[PDB]
There are 2 protein chains.
Amino acid sequence: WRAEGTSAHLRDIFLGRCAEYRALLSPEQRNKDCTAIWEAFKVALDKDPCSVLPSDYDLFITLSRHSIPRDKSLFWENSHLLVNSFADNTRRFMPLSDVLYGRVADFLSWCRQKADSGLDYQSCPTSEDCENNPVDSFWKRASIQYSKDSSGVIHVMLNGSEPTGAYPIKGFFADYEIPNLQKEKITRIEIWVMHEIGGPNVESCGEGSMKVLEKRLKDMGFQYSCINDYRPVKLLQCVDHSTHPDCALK
Amino acid sequence: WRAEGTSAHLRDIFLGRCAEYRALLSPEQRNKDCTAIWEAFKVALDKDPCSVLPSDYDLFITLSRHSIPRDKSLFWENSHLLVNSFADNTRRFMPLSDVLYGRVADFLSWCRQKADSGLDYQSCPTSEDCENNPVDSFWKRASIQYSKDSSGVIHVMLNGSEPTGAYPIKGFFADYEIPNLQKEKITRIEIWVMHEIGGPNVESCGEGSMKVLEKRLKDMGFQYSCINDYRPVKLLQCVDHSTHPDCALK
Ligand SMILES: O=P([O-])(OC[C@H]1O[C@@H](O)[C@H](O)[C@@H]1O)OP(=O)([O-])OC[C@H]1O[C@@H](n2cnc3c2nc[n+]2cc[nH]c32)[C@H](O)[C@@H]1O
Ligand SMILES: O=P([O-])(OC[C@H]1O[C@@H](O)[C@H](O)[C@@H]1O)OP(=O)([O-])OC[C@H]1O[C@@H](n2cnc3c2nc[n+]2cc[nH]c32)[C@H](O)[C@@H]1O
Ligand SMILES: *[C@@H]1O[C@H](CO)[C@@H](O[C@@H]2O[C@H](CO)[C@@H](O)[C@H](O)[C@H]2NC(C)=O)[C@H](O)[C@H]1NC(C)=O
Ligand SMILES: *[C@@H]1O[C@H](CO)[C@@H](O[C@@H]2O[C@H](CO)[C@@H](O)[C@H](O)[C@H]2NC(C)=O)[C@H](O)[C@H]1NC(C)=O
Ligand SMILES: NC(=O)c1cccnc1
Ligand SMILES: NC(=O)c1cccnc1
């Protein structure tokens, strides 16, 4: 297996994060059973590391699902840490990592041993090793639910400094999120193409892969808009480059 | 009493946070027993809610204590959320909330019932109800250790928009941290007096209580400097006021 092995203390972390998140839920939906959610989740840990399907996580989603505020969804590519920091634990936005079922798995890895009941802490399969591995099937199931339950203005943070372009035509956003958005429930889709401070401008709005994305969204009937280096996010990036000209204040 | 009851799922939250923090420790000190740490913490918990002393947490500290990188300490008053965000989970600085023994308690509340052995989830005592309460004694013990183990350049974030002054002569910083700093291993102390965007300029460096702080630190023999609205932090505040003139980029 060419992927990271199971995360140490997976259970304590999972339950801990689930417990903390409940407070972020409104009383009406605050009644969640972290123990039951964990039990449903670990069903993938009793199966062959290459035989886990997205649907195996149906119960897990059923027990952890909650509503996502209108206009607060944030999709992304190649911008993991910036998305989490900008979202600020649901205070500004609610990316999947800030939704209960995504929150319990952010940064984690897991899989059972090939021929043993115990968890494999050495390594886990990648899509390359085999398509139906625990982690990929989880994020497929999770991104599908996240997308279906989003409404209002859809925000997407892309990395304009990524060498392969801002929009990967193959991946979760393209293959599992875009196809599951509820057109009738969506106002418009707004893209933020972020560039590293001084970093390279590989692609900006309307260039390369961005043209492909723009065309697909528009062909699907979505109202579209793209912003290069959306200011609120640029300011966050600048916190670590305060003396850089791109970050100088008037 | 007058304070909020003990946090729900305290144990799961405690253990999860402990488990996640371990990854943030140097391999040389990553050897931490979260369950044992919890038990040591419980020693102080399972007592009369008005009979807990800082020393009751000695075992808890001993089992969770680890080193703090030189020049990475960040003390503060009246800016809890700004400090946590700026520190960015030990990435920029290591405030007490980003040190193992502080991390497991950040935002939490706890106390055992006055007459029953179970935890009191209804309410907990304040300094007013009684001085020796679980939470206050905890932070006293923790702030002492955090101060004793800090070295190099000392950073302090104060709120210059606080009505009553930037430096509270009665607070944990003044009463439990300043007196425990080890001058021998400290190079200098640097203050950042932050003002709310457009917010009020109650006090800036060299004014009111700030004069009190400067004189006390200099009387103790420390090298001192103060900065109004330290840029990196101002940029972070600006993320939420991108259009405000104080935040306009060059
Ligand atoms: O590997 P990275 O350089 O990031 C940093 C990562 O380096 C890894 O060693 C370490 O685990 C860390 O998370 O780039 P990455 O984009 O591959 O980001 C993949 C990460 O983002 C998390 N994640 C949060 N939201 C989602 C998601 N995963 C899938 N989906 C599909 C729809 N939504 C999501 C997921 O838990 C995964 O870890
Ligand atoms: O009450 P707040 O509006 O905060 C917001 C929170 O007050 C909590 O009751 C409620 O749950 C609320 O979410 O403002 P606050 O400044 O009083 O900050 C007090 C908070 O800072 C945490 N904390 C992190 N570091 C320390 C510390 N507490 C003491 N010390 C002494 C030296 N170092 C520290 C501590 O855990 C406490 O929650
Ligand atoms: C946006 O993409 C760039 C380019 O892929 C990322 O920067 C690279 O990050 C890797 C790993 O941290 C480094 O090894 C490279 O040297 C970086 N390249 C450059 C040109 O800086 C950047 O981290 C991405 N931004 C976000 C928020 O994820
Ligand atoms: C710095 O101090 C100011 C003033 O005490 C804080 O602002 C107040 O915050 C409370 C609680 O959020 C509000 O109800 C008041 O309306 C605010 N007043 C003003 C004048 O802003 C501010 O939050 C503090 N800064 C930080 C980072 O904690
Ligand atoms: N934000 C995403 O769509 C995503 C997909 C795959 C891995 N990490 C993040
Ligand atoms: N950082 C501190 O000194 C402090 C003091 C009292 C309450 N919260 C934080």
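We count from 1, first residue shown onward.
Header says: X-ray crystallography, 2.1 Å.
For all residues, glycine too, the Cβ spot is worked out from N, Cα and C.
For B:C18-B:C34, B:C50-B:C130, B:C111-B:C124, B:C205-B:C226, B:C238-B:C247, the entry in Swiss-Prot reads disulfide bond. For B:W76, B:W139, B:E177, the entry in Swiss-Prot reads NAD(+) binding site. Feature annotation from Swiss-Prot assigns nicotinamide binding site to B:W76; the stated evidence is experimental evidence. As annotated by Swiss-Prot, N-linked glycosylation site applies to B:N159.
In terms of C-alpha distance, the listed binding-site residues B:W76, B:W139, B:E177 place B:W139 closest to B:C34 (disulfide bond). Chain A comes close to B:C34, B:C247, taken from the disulfide-bonded residues B:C34, B:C130, B:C247 by a C-beta to C-beta distance under 8 angstroms. Using the Cβ center of B:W76, B:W139, B:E177 for NAD(+), the list of other same-chain residues with Cβ within 8 Å runs, in sequence order, B:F75, B:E77, B:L96, B:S143, B:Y146, B:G171, B:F172, B:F173, B:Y176. In three-state terms derived from DSSP, B:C124 (disulfide bond) belongs to an extended strand segment.
In this structure, the C-alpha atom of B:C111 (disulfide bond) lies 24 angstrom from that of B:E177 (NAD(+) binding site). Using a 10 angstroms CA-CA radius around B:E177 (NAD(+) binding site), none of the recorded positions in B:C124, B:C130, B:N159, B:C205 qualify. Summarising the environment of B:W76 (NAD(+) binding site), the number of other Cβ atoms within 10 Å of its Cβ, over all protein chains shown, is 24. Using Cα positions, the member of the recorded positions B:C50, B:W76, B:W139, B:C238 nearest to B:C205 (disulfide bond) is identified as B:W76. Counted within 10 Å of its Cβ, the other Cβ atoms near B:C18 (disulfide bond) come to 25, all protein chains included.
Recorded residues B:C226 (disulfide bond) and B:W139 (NAD(+) binding site) have their alpha carbons 26 Å apart, per Cα-Cα distance. Residues B:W76, B:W139, B:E177 are recorded as binding NAD(+); their most distant pair of Cα atoms lies 13 Å apart.
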